[PDB]
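Listed next as structure tokens is one chain, alone, in the form deposited in one PDB entry.
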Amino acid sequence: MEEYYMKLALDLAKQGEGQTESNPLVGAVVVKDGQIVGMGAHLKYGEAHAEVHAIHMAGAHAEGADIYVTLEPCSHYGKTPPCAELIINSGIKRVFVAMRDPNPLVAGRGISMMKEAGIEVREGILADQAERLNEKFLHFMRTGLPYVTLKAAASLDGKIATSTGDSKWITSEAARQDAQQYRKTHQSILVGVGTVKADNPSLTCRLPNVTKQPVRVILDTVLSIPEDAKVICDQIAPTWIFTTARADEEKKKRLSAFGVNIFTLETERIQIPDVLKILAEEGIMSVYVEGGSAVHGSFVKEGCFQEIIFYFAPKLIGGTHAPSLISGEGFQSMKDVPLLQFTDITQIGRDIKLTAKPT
């Protein structure tokens, strides 16, 4: 029954998905005498928290009630009093919290704050789900780096194109539509300039109700990207580029005029660790990296990914010179190759989608 309410809490949180920007999804339910008197979710960025909505709806009923929150109630004093304080003042006598704040400086602070007012606090109810709920945000807050998903499509023998660079019909429309879901769950989409030169993709989210568009991140060492590429001309989504000092100043000017934001790194080669750090500083908590065997090569090599999703088509492309899924340096001994764990196997249309994660 404690789970029944916490589950309601989790379902409520889900209604805010993609309306909170970088803020976590949170659900709150106020139960008084066995009756649901208030429900809340965090629906808009920089706007009221779930507890604020749930408490207000509860009105006088908050007095003596219990409240279930999927994430520890904030405890810092900003423009308005913190939710833990809001709870204290409303008269709630018991609080059920799924999980603690991910920040080490904050964790337990709200909890203790409320206990210190008489309120009884039980923790852990449906933690796993509370976890999956804000998985990207959670990882971002705990490490300070965006959650990275690498994705690629290949033939059954591991090729992403023939020896002539032909990749027409390697993935079915069904697989492409299924992959399109990640363009909605990540804040940015990333590829190397090679993908732009070969495929000239828009890299946009074209799903049903596609409101916001993710930031398009291109890795372009020498700034050799075609000035007429969709990513530079369609204005559909923000476009950011990472180059080095070898980039041409006049070209940067022309592109900035197109609204492209350019980040010039101080190294001679682009370091994925550098770009991930700069994206986090910009508030990008997630990256859908979908292209360039070499780009995928660096992320793997550096160990900078949390999820790897490969789509395999029932086809065999020959190839000594056909390009494989992951290129670059790679690991030399089977003893140094990290072990992943298949997290999922799904058939989409005639293709098979395999998803795996580290450790």
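The first residue of the shown sequence is 1; numbering continues from there. Between two forms, the rigid core is defined as the largest C-alpha subset superposing within 1.5 Å.
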Subject >> Higher-B stretch (mean Cα B-factor, as the entry records it), 254-262 or 208-216 >> reply: 208-216
**OP:** Can you let me know which of the two, 227-235 or 264-272, has the higher average C-alpha B-factor in the entry?
**Re:** 264-272
Original post:
Among 199, 166, 120, 72, which residue carries the highest C-alpha B-factor recorded in the PDB entry?
Top reply: 120
**OP:** Quick one: which of 314, 297, 319, 38 shows the highest Cα temperature factor in the PDB entry?
**Re:** 319
**OP:** Divide the modelled residues of the chain into thirds by Cα B-factor and specify which third, lowest, middle or highest, holds residue 170.
**Re:** middle
Original post:
Looking at the C-alpha B-factor of residue 244, is it in the lowest, middle or highest third of its chain?
Top reply: middle
Original post:
Taking the C-alpha B-factors as the PDB entry records them, is residue 352 in the lowest, middle or highest third of its chain?
Top reply: middle
**OP:** Give the position of residue 124 by CA B-factor within its chain, expressed as the lowest, middle or highest third.
**Re:** highest
Subject >> Lowest, middle or highest third - CA B-factor, residue 115 >> reply: highest
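One more form of this protein should be noted, the form deposited in another entry, which is absent from this view; the next part is about it.
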Subject >> Cα displacement of residue 21 between the shown form and the other one reaching 2 Å, rigid core superposed >> reply: yes
**OP:** Compare the position of the CA of residue 109 between the shown form and the other one after a rigid core fit and state whether the shift reaches 2 Å.
**Re:** yes
